[PDB]
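Enquirer: Following this line is input_4.txt, made up of compact mmCIF, C-alpha atoms:
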```txt
# COMPACT_ATOMS: atom_id res chain seq x y z
CA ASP H 1 29.59 -5.02 20.88
CA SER H 2 27.02 -2.90 19.05
CA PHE H 3 27.76 -4.31 15.59
CA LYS H 4 26.78 -7.82 16.70
CA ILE H 5 23.34 -6.68 17.81
CA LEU H 6 23.01 -4.60 14.65
CA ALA H 7 23.83 -7.72 12.63
CA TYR H 8 21.12 -9.72 14.39
CA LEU H 9 18.61 -6.91 13.84
CA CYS H 10 19.57 -6.76 10.16
CA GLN H 11 19.19 -10.52 9.78
CA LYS H 12 15.68 -10.24 11.21
CA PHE H 13 14.93 -7.22 9.01
CA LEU H 14 16.01 -9.10 5.90
CA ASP H 15 13.96 -12.16 6.83
CA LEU H 16 10.84 -10.06 7.40
CA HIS H 17 11.46 -8.10 4.20
CA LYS H 18 11.77 -11.25 2.11
CA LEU H 19 8.60 -12.64 3.68
CA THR H 20 6.72 -9.40 3.00
CA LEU H 21 7.88 -9.38 -0.62
CA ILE H 22 6.68 -12.98 -0.95
CA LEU H 23 3.20 -12.47 0.48
CA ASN H 24 2.73 -9.26 -1.56
CA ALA H 25 3.51 -10.86 -4.93
CA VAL H 26 0.87 -10.37 -7.62
CA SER H 27 1.98 -13.02 -10.11
CA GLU H 28 3.51 -16.47 -10.41
CA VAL H 29 6.68 -15.23 -12.12
CA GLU H 30 7.53 -12.88 -9.24
CA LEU H 31 6.82 -15.61 -6.68
CA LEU H 32 9.04 -18.07 -8.55
CA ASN H 33 11.82 -15.50 -8.89
CA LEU H 34 11.64 -14.80 -5.16
CA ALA H 35 11.76 -18.54 -4.44
CA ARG H 36 14.85 -18.90 -6.64
CA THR H 37 16.53 -15.84 -5.12
CA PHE H 38 15.77 -16.57 -1.44
CA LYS H 39 15.89 -20.39 -1.67
CA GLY H 40 12.18 -21.12 -1.46
CA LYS H 41 9.87 -23.80 -2.81
CA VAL H 42 6.52 -23.11 -4.48
CA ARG H 43 3.86 -25.82 -4.31
CA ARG H 44 0.40 -25.73 -5.87
CA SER H 45 -2.65 -26.52 -3.74
CA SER H 46 -5.93 -28.05 -4.93
CA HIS H 47 -8.12 -24.92 -5.01
CA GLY H 48 -5.81 -23.08 -7.42
CA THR H 49 -3.74 -21.44 -4.66
CA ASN H 50 0.07 -21.31 -4.54
CA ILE H 51 1.91 -21.99 -1.28
CA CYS H 52 5.52 -20.98 -0.63
CA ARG H 53 7.83 -22.74 1.82
CA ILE H 54 10.95 -20.89 2.94
CA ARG H 55 13.43 -21.55 5.74
CA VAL H 56 14.94 -18.39 7.23
CA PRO H 57 17.38 -18.43 10.19
CA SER H 58 15.70 -16.09 12.66
CA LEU H 59 12.24 -17.71 12.39
CA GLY H 60 12.72 -21.25 11.06
CA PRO H 61 10.54 -22.77 8.35
CA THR H 62 7.63 -20.70 7.10
CA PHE H 63 4.61 -21.43 4.89
CA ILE H 64 3.00 -18.50 3.07
CA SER H 65 -0.29 -18.33 1.19
CA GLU H 66 -2.94 -15.67 0.46
CA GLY H 67 -1.34 -13.13 2.77
CA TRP H 68 -1.13 -15.59 5.68
CA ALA H 69 2.14 -16.87 7.13
CA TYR H 70 2.58 -19.88 9.43
CA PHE H 71 5.73 -20.54 11.46
CA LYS H 72 6.05 -24.15 12.60
CA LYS H 73 8.89 -24.12 15.14
CA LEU H 74 7.27 -21.00 16.60
CA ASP H 75 3.72 -22.37 16.14
CA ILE H 76 2.36 -18.98 15.08
CA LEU H 77 -0.17 -17.84 12.50
CA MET H 78 0.29 -14.30 11.22
CA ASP H 79 -1.53 -11.94 8.90
CA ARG H 80 0.04 -9.12 6.90
CA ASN H 81 -0.43 -6.28 9.38
CA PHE H 82 1.23 -8.06 12.31
CA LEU H 83 4.23 -8.97 10.16
CA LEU H 84 4.49 -5.36 9.00
CA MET H 85 4.28 -4.13 12.59
CA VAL H 86 7.16 -6.39 13.60
CA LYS H 87 9.15 -5.29 10.55
CA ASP H 88 8.59 -1.63 11.42
CA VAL H 89 9.72 -2.23 15.00
CA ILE H 90 12.91 -3.89 13.76
CA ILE H 91 13.53 -1.12 11.22
CA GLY H 92 13.10 1.55 13.88
CA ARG H 93 15.48 -0.12 16.31
CA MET H 94 18.12 -0.85 13.67
CA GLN H 95 18.04 2.61 12.08
CA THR H 96 18.11 4.28 15.50
CA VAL H 97 21.13 2.29 16.65
CA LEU H 98 22.91 2.79 13.32
CA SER G 1 -3.54 16.84 -10.29
CA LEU G 2 -5.66 15.05 -7.65
CA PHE G 3 -5.87 11.47 -8.98
CA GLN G 4 -2.85 9.85 -7.31
CA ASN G 5 -4.22 6.61 -5.86
CA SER G 6 -4.74 3.71 -8.24
CA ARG G 7 -7.88 2.34 -6.57
CA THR G 8 -9.75 5.61 -7.07
CA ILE G 9 -8.61 5.56 -10.71
CA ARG G 10 -9.40 1.89 -11.30
CA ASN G 11 -12.93 2.07 -9.86
CA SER G 12 -13.69 5.47 -11.43
CA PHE G 13 -12.96 4.14 -14.95
CA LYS G 14 -13.21 0.95 -17.01
CA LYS G 15 -11.34 -2.36 -16.71
CA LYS G 16 -8.88 -2.37 -19.62
CA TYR G 17 -7.38 0.88 -18.33
CA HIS G 18 -6.04 -1.11 -15.38
CA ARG G 19 -3.74 -3.06 -17.69
CA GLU G 20 -2.25 0.13 -19.12
CA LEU G 21 -1.26 1.09 -15.54
CA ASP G 22 0.82 -1.76 -14.12
CA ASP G 23 3.14 -1.82 -17.12
CA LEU G 24 3.51 1.95 -16.70
CA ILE G 25 4.89 1.32 -13.21
CA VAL G 26 7.43 -1.04 -14.76
CA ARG G 27 8.29 0.98 -17.87
CA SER G 28 9.45 4.10 -16.04
CA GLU G 29 11.69 1.90 -13.92
CA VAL G 30 13.57 0.48 -16.89
CA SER G 31 13.54 3.89 -18.53
CA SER G 32 15.16 5.24 -15.38
CA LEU G 33 17.70 2.52 -14.74
CA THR G 34 19.10 2.28 -18.25
CA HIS G 35 19.64 6.04 -18.16
CA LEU G 36 21.63 5.70 -14.94
CA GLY G 37 23.67 3.03 -16.71
CA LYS G 38 24.29 4.97 -19.90
CA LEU G 39 26.05 7.66 -17.85
CA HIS G 40 29.01 5.32 -17.36
CA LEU G 41 29.96 5.09 -21.04
CA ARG G 42 30.04 8.84 -21.77
CA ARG G 43 32.43 9.43 -18.87
CA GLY G 44 35.60 10.80 -20.47
CA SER G 45 33.91 12.52 -23.41
CA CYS G 46 32.28 15.54 -21.76
CA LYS G 47 33.80 18.96 -21.12
CA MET G 48 33.55 21.31 -18.15
CA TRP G 49 31.78 24.67 -18.00
CA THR G 50 33.09 27.89 -16.48
CA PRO D 1 23.28 15.62 -20.24
CA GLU D 2 21.86 14.55 -23.57
CA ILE D 3 19.00 16.58 -25.04
CA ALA D 4 16.23 15.52 -27.42
CA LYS D 5 15.16 17.33 -30.55
CA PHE D 6 12.32 19.72 -29.79
CA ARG D 7 8.73 18.83 -30.61
CA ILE D 8 5.33 20.33 -29.86
CA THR D 9 4.32 17.84 -27.14
CA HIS D 10 7.06 19.14 -24.81
CA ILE D 11 5.91 22.73 -24.16
CA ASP D 12 3.40 21.32 -21.66
CA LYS D 13 6.35 20.36 -19.46
CA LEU D 14 7.70 23.90 -19.70
CA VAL D 15 4.22 25.07 -18.69
CA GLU D 16 3.82 22.46 -15.93
CA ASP D 17 7.35 22.55 -14.44
CA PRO D 18 9.27 25.67 -15.52
CA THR D 19 13.01 25.90 -14.79
CA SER D 20 13.12 22.54 -16.58
CA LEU D 21 14.80 20.97 -19.60
CA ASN D 22 13.73 18.70 -22.47
CA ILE D 23 15.87 15.62 -21.91
CA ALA D 24 15.77 12.42 -23.96
CA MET D 25 15.25 10.39 -20.77
CA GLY D 26 11.96 8.74 -19.89
CA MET D 27 9.01 10.57 -18.37
CA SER D 28 8.43 10.29 -14.62
CA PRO D 29 5.66 8.03 -13.25
CA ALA D 30 3.70 11.04 -12.01
CA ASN D 31 3.52 12.67 -15.44
CA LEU D 32 2.63 9.36 -17.11
CA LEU D 33 -0.22 8.80 -14.65
CA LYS D 34 -1.28 12.40 -15.24
CA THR D 35 -1.41 11.85 -19.01
CA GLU D 36 -3.39 8.62 -18.61
CA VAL D 37 -5.89 10.35 -16.31
CA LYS D 38 -6.18 13.14 -18.88
CA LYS D 39 -6.90 10.62 -21.63
CA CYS D 40 -9.49 8.85 -19.49
CA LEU D 41 -11.24 12.15 -18.75
CA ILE D 42 -11.15 13.17 -22.41
CA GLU D 43 -12.60 9.86 -23.60
CA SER D 44 -15.38 9.60 -20.99
CA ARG D 45 -16.53 13.23 -21.17
CA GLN D 46 -20.23 12.49 -21.79
CA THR D 47 -21.15 9.89 -19.15
CA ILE D 48 -20.00 12.41 -16.53
CA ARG D 49 -22.98 13.90 -14.68
CA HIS Q 1 -24.64 19.91 16.78
CA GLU Q 2 -28.04 20.05 15.12
CA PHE Q 3 -26.43 17.71 12.58
CA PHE Q 4 -24.73 15.56 15.22
CA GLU Q 5 -27.92 15.31 17.29
CA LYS Q 6 -29.90 14.24 14.19
CA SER Q 7 -27.31 11.91 12.61
CA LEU Q 8 -26.57 8.20 12.86
CA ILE Q 9 -23.21 6.94 14.12
CA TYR Q 10 -22.16 3.46 13.00
CA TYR Q 11 -18.95 1.43 12.88
CA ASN Q 12 -18.55 -0.07 9.40
CA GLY Q 13 -16.70 -3.22 10.37
CA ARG Q 14 -19.51 -5.15 12.08
CA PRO Q 15 -22.90 -4.93 10.37
CA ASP Q 16 -23.64 -8.33 11.93
CA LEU Q 17 -24.73 -6.61 15.15
CA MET Q 18 -26.98 -3.87 13.78
CA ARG Q 19 -30.54 -4.18 12.50
CA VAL Q 20 -32.84 -1.78 10.67
CA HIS Q 21 -35.65 -0.21 12.70
CA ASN Q 22 -37.73 2.67 11.29
CA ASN Q 23 -35.11 4.38 9.12
CA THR Q 24 -32.34 3.89 11.68
CA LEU Q 25 -30.11 1.19 13.13
CA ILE Q 26 -30.30 -0.53 16.51
CA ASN Q 27 -27.94 -2.91 18.27
CA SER Q 28 -28.89 -6.55 18.86
CA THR Q 29 -25.81 -7.86 20.72
CA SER Q 30 -25.36 -5.50 23.71
CA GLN Q 31 -22.16 -4.07 22.22
CA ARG Q 32 -23.24 -0.54 21.15
CA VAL Q 33 -21.47 -0.27 17.81
CA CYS Q 34 -24.07 2.21 16.50
CA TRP Q 35 -26.48 4.80 17.82
CA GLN Q 36 -28.83 7.58 16.72
CA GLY Q 37 -27.83 11.17 17.34
CA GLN Q 38 -25.39 12.70 19.78
CA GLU Q 39 -24.33 16.04 21.25
CA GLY Q 40 -20.57 15.71 20.82
CA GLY Q 41 -17.94 16.30 18.18
CA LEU Q 42 -15.64 14.03 16.20
CA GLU Q 43 -11.99 14.32 15.23
CA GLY Q 44 -11.14 16.70 12.40
CA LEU Q 45 -14.42 18.66 12.41
CA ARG Q 46 -14.82 22.24 13.65
CA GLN Q 47 -11.39 22.15 15.29
CA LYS Q 48 -10.99 25.79 14.28
CA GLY Q 49 -14.24 27.04 15.80
CA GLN Z 1 23.91 9.39 7.23
CA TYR Z 2 22.19 10.27 3.94
CA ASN Z 3 25.01 8.54 2.06
CA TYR Z 4 24.98 5.55 4.41
CA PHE Z 5 21.22 4.96 4.39
CA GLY Z 6 21.15 5.69 0.66
CA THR Z 7 23.54 2.88 -0.16
CA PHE Z 8 21.56 0.82 2.38
CA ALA Z 9 18.39 1.37 0.37
CA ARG Z 10 20.26 0.84 -2.90
CA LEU Z 11 21.44 -2.60 -1.80
CA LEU Z 12 18.01 -3.46 -0.40
CA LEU Z 13 16.52 -2.58 -3.79
CA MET Z 14 19.18 -4.43 -5.78
CA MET Z 15 18.17 -7.44 -3.69
CA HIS Z 16 14.74 -7.29 -5.34
CA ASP Z 17 12.82 -4.58 -7.21
CA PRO Z 18 9.04 -5.12 -6.85
CA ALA Z 19 8.34 -3.01 -9.93
CA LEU Z 20 10.58 -5.13 -12.17
CA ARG Z 21 9.39 -8.30 -10.37
CA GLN Z 22 12.96 -9.63 -10.19
CA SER Z 23 16.42 -8.83 -8.86
CA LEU Z 24 18.78 -6.28 -10.39
CA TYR Z 25 21.81 -8.58 -10.15
CA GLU Z 26 20.02 -11.01 -12.49
CA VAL Z 27 19.90 -8.52 -15.39
CA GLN Z 28 23.01 -7.46 -17.31
CA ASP Z 29 21.72 -7.52 -20.92
CA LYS Z 30 18.58 -5.35 -20.68
CA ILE Z 31 19.94 -2.81 -18.18
CA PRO Z 32 23.67 -3.50 -18.65
CA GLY Z 33 25.06 -0.39 -16.94
CA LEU Z 34 24.56 -1.43 -13.32
CA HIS Z 35 27.44 -2.68 -11.14
CA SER Z 36 29.24 0.59 -11.95
CA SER Z 37 30.41 3.46 -9.78
CA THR Z 38 28.68 6.16 -11.82
CA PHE Z 39 25.36 4.42 -11.16
CA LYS Z 40 26.12 4.51 -7.43
CA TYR Z 41 26.83 8.24 -7.58
CA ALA Z 42 23.83 9.06 -9.77
CA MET Z 43 21.39 7.08 -7.63
CA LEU Z 44 22.37 9.23 -4.63
CA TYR Z 45 23.63 12.67 -5.74
CA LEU Z 46 22.18 13.41 -9.22
CA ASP Z 47 19.31 15.85 -8.79
CA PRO Z 48 16.28 14.95 -10.98
CA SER Z 49 16.47 18.37 -12.65
CA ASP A 1 -9.08 -15.88 15.76
CA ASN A 2 -11.88 -17.01 13.46
CA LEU A 3 -9.48 -18.79 11.11
CA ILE A 4 -7.91 -20.60 14.07
CA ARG A 5 -11.42 -21.61 15.12
CA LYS A 6 -12.45 -22.76 11.65
CA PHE A 7 -9.26 -24.81 11.42
CA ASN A 8 -10.40 -26.39 14.68
CA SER A 9 -13.86 -27.85 15.33
CA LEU A 10 -15.26 -24.59 16.74
CA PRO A 11 -17.91 -22.33 15.16
CA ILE A 12 -17.61 -18.72 14.06
CA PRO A 13 -19.85 -15.89 12.79
CA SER A 14 -21.03 -15.84 9.20
CA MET A 15 -18.96 -12.79 8.20
CA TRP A 16 -15.77 -14.88 8.18
CA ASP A 17 -17.32 -18.20 7.11
CA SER A 18 -18.18 -16.69 3.69
CA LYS A 19 -14.55 -16.51 2.53
CA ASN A 20 -12.07 -18.52 0.44
CA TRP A 21 -9.90 -19.78 3.33
CA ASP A 22 -10.06 -23.39 2.04
CA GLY A 23 -6.53 -23.08 0.69
CA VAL A 24 -5.04 -21.79 3.94
CA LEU A 25 -6.74 -24.60 5.85
CA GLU A 26 -5.39 -27.12 3.34
CA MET A 27 -1.94 -25.63 3.94
CA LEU A 28 -2.27 -25.85 7.73
CA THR A 29 -3.51 -29.44 7.49
CA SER A 30 -0.40 -30.34 5.46
CA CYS A 31 1.86 -29.02 8.24
CA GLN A 32 0.26 -30.27 11.50
CA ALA A 33 -0.45 -26.75 12.70
CA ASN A 34 -1.24 -25.70 16.27
CA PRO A 35 -1.58 -21.92 16.77
CA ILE A 36 -1.42 -20.11 20.11
CA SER A 37 -4.84 -18.44 20.45
CA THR A 38 -3.75 -14.88 19.45
CA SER A 39 -3.14 -13.76 23.08
CA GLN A 40 0.50 -14.92 23.16
CA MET A 41 1.79 -13.33 19.94
CA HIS A 42 2.84 -10.08 21.60
CA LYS A 43 4.39 -12.23 24.32
CA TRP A 44 6.30 -14.08 21.60
CA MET A 45 7.74 -10.98 19.97
CA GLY A 46 8.63 -9.82 23.47
CA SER A 47 11.19 -12.66 23.37
CA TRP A 48 12.07 -12.96 19.68
CA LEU A 49 13.21 -9.34 19.61
CA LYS W 1 -23.86 43.24 24.10
CA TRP W 2 -21.93 43.30 20.81
CA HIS W 3 -23.58 40.05 19.71
CA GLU W 4 -27.07 41.54 20.01
CA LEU W 5 -26.29 44.18 17.38
CA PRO W 6 -27.66 43.79 13.82
CA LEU W 7 -24.48 42.48 12.24
CA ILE W 8 -24.26 41.96 8.47
CA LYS W 9 -21.93 40.44 5.90
CA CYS W 10 -18.28 41.50 5.96
CA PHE W 11 -16.57 38.59 4.13
CA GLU W 12 -17.02 37.41 0.55
CA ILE W 13 -16.92 33.68 -0.15
CA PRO W 14 -14.37 32.98 -2.94
CA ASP W 15 -15.19 31.40 -6.31
CA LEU W 16 -14.55 27.66 -5.96
CA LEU W 17 -14.28 26.99 -9.68
CA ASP W 18 -11.07 25.00 -9.45
CA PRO W 19 -10.86 21.83 -7.34
CA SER W 20 -7.99 21.29 -4.87
CA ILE W 21 -9.65 23.93 -2.64
CA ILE W 22 -12.43 21.56 -1.52
CA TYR W 23 -12.05 18.12 -3.09
CA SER W 24 -9.18 15.69 -2.54
CA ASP W 25 -8.41 11.97 -2.70
CA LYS W 26 -10.18 10.65 0.39
CA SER W 27 -13.00 8.30 1.37
CA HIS W 28 -16.44 9.27 2.66
CA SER W 29 -19.71 7.61 3.65
CA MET W 30 -22.88 6.96 1.65
CA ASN W 31 -26.49 7.99 2.13
CA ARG W 32 -28.48 6.33 4.90
CA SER W 33 -30.85 4.54 2.52
CA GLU W 34 -28.08 2.69 0.70
CA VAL W 35 -26.47 1.85 4.06
CA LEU W 36 -29.66 0.18 5.27
CA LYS W 37 -30.04 -1.54 1.90
CA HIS W 38 -26.53 -2.99 2.16
CA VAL W 39 -27.12 -4.07 5.76
CA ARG W 40 -30.31 -5.94 4.86
CA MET W 41 -29.05 -7.46 1.60
CA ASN W 42 -25.36 -7.89 2.56
CA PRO W 43 -25.21 -8.32 6.36
CA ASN W 44 -21.96 -10.35 6.11
CA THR W 45 -19.62 -7.80 4.52
CA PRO W 46 -18.29 -4.54 5.99
CA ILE W 47 -20.12 -1.42 4.87
CA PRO W 48 -17.88 0.15 2.19
CA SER W 49 -16.81 3.77 1.90
```
Turn the structure described in the file into structure tokens.

Expert:
Amino acid sequence: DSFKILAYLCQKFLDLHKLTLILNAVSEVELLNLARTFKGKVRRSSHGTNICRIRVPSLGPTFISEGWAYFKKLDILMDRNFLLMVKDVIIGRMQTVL
Amino acid sequence: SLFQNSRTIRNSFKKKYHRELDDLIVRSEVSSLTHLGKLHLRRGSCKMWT
Amino acid sequence: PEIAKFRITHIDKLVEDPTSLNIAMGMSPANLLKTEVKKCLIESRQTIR
Amino acid sequence: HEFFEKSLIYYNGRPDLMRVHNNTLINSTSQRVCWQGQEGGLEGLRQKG
Amino acid sequence: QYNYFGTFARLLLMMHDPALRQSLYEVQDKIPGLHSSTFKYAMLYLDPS
Amino acid sequence: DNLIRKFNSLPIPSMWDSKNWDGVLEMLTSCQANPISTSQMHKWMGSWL
Amino acid sequence: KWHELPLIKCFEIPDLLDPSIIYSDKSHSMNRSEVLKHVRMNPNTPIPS
């Protein structure tokens, strides 16, 4: 009964961690490797900016670019600090319950 | 023994010295991990001390 | 562990961190950054006011 | 407090609101992000005294 | 709990190492010693001394 | 807030209009975006958690 | 009345030759003149530290 909730929290933690690793990349090779490892798709915009699409379970589809993240099914725009706050909340809860 | 941040080092010095920093961060990593791998081969060829 | 043949550039370690060894492994990130900062200070030692 | 009473407090996120006036800053948006001089302390300073 | 959270962090890192800019599972010819038990003991109980 | 406004037909201060957000706006145009005004985000994570 | 006495020095300030007694890796402000200069010239960027 506790392991189920821990599993959900860990799913969310992993989703947020993958997103954070994506928006903190500093090169095209790292972004492409993350897309290949986490089943993403890197498109190239017109102004020389790379966008990354990724579908995670807990949040849905997600579009990332220049430190910004947009969730469609949630209809949310998010910067880095808010994502990191949510990740820290999840980490705290999961570690505490573990 | 005070320069720990990279920003304070990057702005306090020239530009090319930035490129001899990022690779540093990578090199130690490989130099660490291979060591932790090499331990597995020399497993049954080391003696015990009293 | 394995140990590297002694050279003159290692005594600094024994002066920085005593109770230590001279192992053939790589050098930690902290010491590498320290050496790079030392080189930067040694090179630009005239522009400093 | 001779230094606090003679110093200029300003928030360095919003210079859009402040304007220069005779070697000091004044607000132009009715938000009070900066002011000149005060008789109170700030965090981390003279805690020991 | 040190052991538990240590293998936790080890798996989270093997997922992706930001310093190497790629995963650790996707390298077996440059750092070929991973996926071994001795690595798992050294990453968690081998003092840096 | 200011990026949501710029994506819409609303104006913003000049501090945020002097940035390189053209790519993010191109991305949000290619997805039919509709954000939630920044007051409901905490309310969202109150449910998503 | 002990404060009205003619007190004199009883403590010797140390010799601050080495850093790490005063200086550390932190951020501080800049002189008022350069602040006002940045506000006039660059009113659409946050005042750096």

Enquirer: Can you tell me which residues surround residue D:1 at a distance of at most 12 Å, considering only C-alpha atoms, apart from same-chain residues fewer than 4 positions away, and format the answer as number ranges by chain?

Expert: G: 35-36, 38-39, 42-43, 45-48; D: 21-25; Z: 46, 48-49

Enquirer: Find the residues around residue Q:34 up to 12 Å (all atoms listed in the file counted), leave out those fewer than 5 positions away in its own chain, and share them as a CSV table (one decimal) with C-alpha atoms, in the coordinates of the input.

Expert:
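After the write, around.csv holds the following:
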```csv
chain,number,residue,atom,x,y,z
Q,7,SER,CA,-27.3,11.9,12.6
Q,8,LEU,CA,-26.6,8.2,12.9
Q,9,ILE,CA,-23.2,6.9,14.1
Q,10,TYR,CA,-22.2,3.5,13.0
Q,11,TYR,CA,-19.0,1.4,12.9
Q,12,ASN,CA,-18.6,-0.1,9.4
Q,13,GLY,CA,-16.7,-3.2,10.4
Q,14,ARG,CA,-19.5,-5.2,12.1
Q,15,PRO,CA,-22.9,-4.9,10.4
Q,16,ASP,CA,-23.6,-8.3,11.9
Q,17,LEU,CA,-24.7,-6.6,15.2
Q,18,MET,CA,-27.0,-3.9,13.8
Q,19,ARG,CA,-30.5,-4.2,12.5
Q,20,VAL,CA,-32.8,-1.8,10.7
Q,24,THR,CA,-32.3,3.9,11.7
Q,25,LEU,CA,-30.1,1.2,13.1
Q,26,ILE,CA,-30.3,-0.5,16.5
Q,27,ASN,CA,-27.9,-2.9,18.3
Q,28,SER,CA,-28.9,-6.6,18.9
Q,29,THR,CA,-25.8,-7.9,20.7
```

Enquirer: Atom CA of residue Z:29 to atom CA of residue H:25: how many Å, to one decimal?

Expert: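 For atom CA of residue Z:29 relative to atom CA of residue H:25, the distance reads 24.5 Å.
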
Enquirer: Just to confirm, what's the straight-line distance from atom CA of residue W:27 to atom CA of residue W:46 in Å (one decimal)?

Expert: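 So the answer is 14.6 Å.
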
Enquirer: Please identify all polymer residues within 12 Å of residue D:35, counting all atoms listed in the file, omitting same-chain residues fewer than 2 positions from it, and present them as a list in words.

Expert: residues 1, 3, 4, 20, 21 and 24 of chain G; 9, 12, 13, 27, 28, 29, 30, 31, 32, 33, 37, 38, 39, 40, 41 and 42 of chain D

Enquirer: Counting all atoms listed in the file, give me one row per residue of chain A with an atom at most 10 Å from an atom of chain H, showing the shortest contact pair and its distance in Å to one decimal, sorted by chain then residue number, as JSON lines.

Expert:
```
{"residue": "A:1", "atom": "CA", "partner": "H:77", "partner_atom": "CA", "distance": 9.7}
{"residue": "A:3", "atom": "CA", "partner": "H:77", "partner_atom": "CA", "distance": 9.5}
{"residue": "A:4", "atom": "CA", "partner": "H:77", "partner_atom": "CA", "distance": 8.4}
{"residue": "A:20", "atom": "CA", "partner": "H:47", "partner_atom": "CA", "distance": 9.3}
{"residue": "A:21", "atom": "CA", "partner": "H:66", "partner_atom": "CA", "distance": 8.6}
{"residue": "A:22", "atom": "CA", "partner": "H:47", "partner_atom": "CA", "distance": 7.5}
{"residue": "A:23", "atom": "CA", "partner": "H:47", "partner_atom": "CA", "distance": 6.2}
{"residue": "A:24", "atom": "CA", "partner": "H:65", "partner_atom": "CA", "distance": 6.5}
{"residue": "A:26", "atom": "CA", "partner": "H:45", "partner_atom": "CA", "distance": 7.6}
{"residue": "A:27", "atom": "CA", "partner": "H:51", "partner_atom": "CA", "distance": 7.4}
{"residue": "A:28", "atom": "CA", "partner": "H:70", "partner_atom": "CA", "distance": 7.9}
{"residue": "A:31", "atom": "CA", "partner": "H:72", "partner_atom": "CA", "distance": 7.8}
{"residue": "A:32", "atom": "CA", "partner": "H:72", "partner_atom": "CA", "distance": 8.5}
{"residue": "A:33", "atom": "CA", "partner": "H:75", "partner_atom": "CA", "distance": 7.0}
{"residue": "A:34", "atom": "CA", "partner": "H:75", "partner_atom": "CA", "distance": 6.0}
{"residue": "A:35", "atom": "CA", "partner": "H:76", "partner_atom": "CA", "distance": 5.2}
{"residue": "A:36", "atom": "CA", "partner": "H:76", "partner_atom": "CA", "distance": 6.4}
{"residue": "A:37", "atom": "CA", "partner": "H:76", "partner_atom": "CA", "distance": 9.0}
{"residue": "A:38", "atom": "CA", "partner": "H:77", "partner_atom": "CA", "distance": 8.4}
{"residue": "A:40", "atom": "CA", "partner": "H:76", "partner_atom": "CA", "distance": 9.2}
{"residue": "A:41", "atom": "CA", "partner": "H:76", "partner_atom": "CA", "distance": 7.5}
{"residue": "A:42", "atom": "CA", "partner": "H:82", "partner_atom": "CA", "distance": 9.6}
{"residue": "A:44", "atom": "CA", "partner": "H:74", "partner_atom": "CA", "distance": 8.6}
{"residue": "A:45", "atom": "CA", "partner": "H:86", "partner_atom": "CA", "distance": 7.9}
{"residue": "A:48", "atom": "CA", "partner": "H:58", "partner_atom": "CA", "distance": 8.5}
{"residue": "A:49", "atom": "CA", "partner": "H:90", "partner_atom": "CA", "distance": 8.0}
```

Enquirer: May I ask for the distance between atom CA of residue Z:23 and atom CA of residue G:17, given in Å to one decimal place?

Expert: 27.4 Å

Enquirer: Taking only C-alpha atoms into account and nothing else, which residues of chain W lie no more than 8 Å away from chain Q? Please answer as a PyMOL selection string.

Expert: chain W and resi 33+36+39-40+43-48

Enquirer: Kindly export the residues of the current selection with C-alpha atoms, as a PDB file, in the frame of the given file.

Expert:
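again09.pdb written:
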```
ATOM      1  CA  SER W  33     -30.850   4.540   2.520  1.00  0.00           C
ATOM      2  CA  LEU W  36     -29.660   0.180   5.270  1.00  0.00           C
ATOM      3  CA  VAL W  39     -27.120  -4.070   5.760  1.00  0.00           C
ATOM      4  CA  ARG W  40     -30.310  -5.940   4.860  1.00  0.00           C
ATOM      5  CA  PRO W  43     -25.210  -8.320   6.360  1.00  0.00           C
ATOM      6  CA  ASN W  44     -21.960 -10.350   6.110  1.00  0.00           C
ATOM      7  CA  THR W  45     -19.620  -7.800   4.520  1.00  0.00           C
ATOM      8  CA  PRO W  46     -18.290  -4.540   5.990  1.00  0.00           C
ATOM      9  CA  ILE W  47     -20.120  -1.420   4.870  1.00  0.00           C
ATOM     10  CA  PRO W  48     -17.880   0.150   2.190  1.00  0.00           C
TER      11      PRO W  48
END
```

Enquirer: Compute the distance from (16.2, -0.1, 12.1) to each atom, counting all atoms listed in the file, keep the residues with any atom at most 12 Å away, and return them as a PyMOL selection string; use the coordinates of the file.

Expert: (chain H and resi 5-14+86-98) or (chain Z and resi 5+8)

Enquirer: Convert the current residue selection to file output with C-alpha atoms, as an mmCIF file, in the frame of the given file.

Expert:
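Contents of the output file again15.cif:
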```cif
data_model
loop_
_atom_site.group_PDB
_atom_site.id
_atom_site.type_symbol
_atom_site.label_atom_id
_atom_site.label_comp_id
_atom_site.auth_asym_id
_atom_site.auth_seq_id
_atom_site.Cartn_x
_atom_site.Cartn_y
_atom_site.Cartn_z
ATOM 1 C CA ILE H 5 23.340 -6.680 17.810
ATOM 2 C CA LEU H 6 23.010 -4.600 14.650
ATOM 3 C CA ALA H 7 23.830 -7.720 12.630
ATOM 4 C CA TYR H 8 21.120 -9.720 14.390
ATOM 5 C CA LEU H 9 18.610 -6.910 13.840
ATOM 6 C CA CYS H 10 19.570 -6.760 10.160
ATOM 7 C CA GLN H 11 19.190 -10.520 9.780
ATOM 8 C CA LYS H 12 15.680 -10.240 11.210
ATOM 9 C CA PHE H 13 14.930 -7.220 9.010
ATOM 10 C CA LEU H 14 16.010 -9.100 5.900
ATOM 11 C CA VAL H 86 7.160 -6.390 13.600
ATOM 12 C CA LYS H 87 9.150 -5.290 10.550
ATOM 13 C CA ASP H 88 8.590 -1.630 11.420
ATOM 14 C CA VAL H 89 9.720 -2.230 15.000
ATOM 15 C CA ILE H 90 12.910 -3.890 13.760
ATOM 16 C CA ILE H 91 13.530 -1.120 11.220
ATOM 17 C CA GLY H 92 13.100 1.550 13.880
ATOM 18 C CA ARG H 93 15.480 -0.120 16.310
ATOM 19 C CA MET H 94 18.120 -0.850 13.670
ATOM 20 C CA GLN H 95 18.040 2.610 12.080
ATOM 21 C CA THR H 96 18.110 4.280 15.500
ATOM 22 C CA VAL H 97 21.130 2.290 16.650
ATOM 23 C CA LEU H 98 22.910 2.790 13.320
ATOM 24 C CA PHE Z 5 21.220 4.960 4.390
ATOM 25 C CA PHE Z 8 21.560 0.820 2.380
#
```
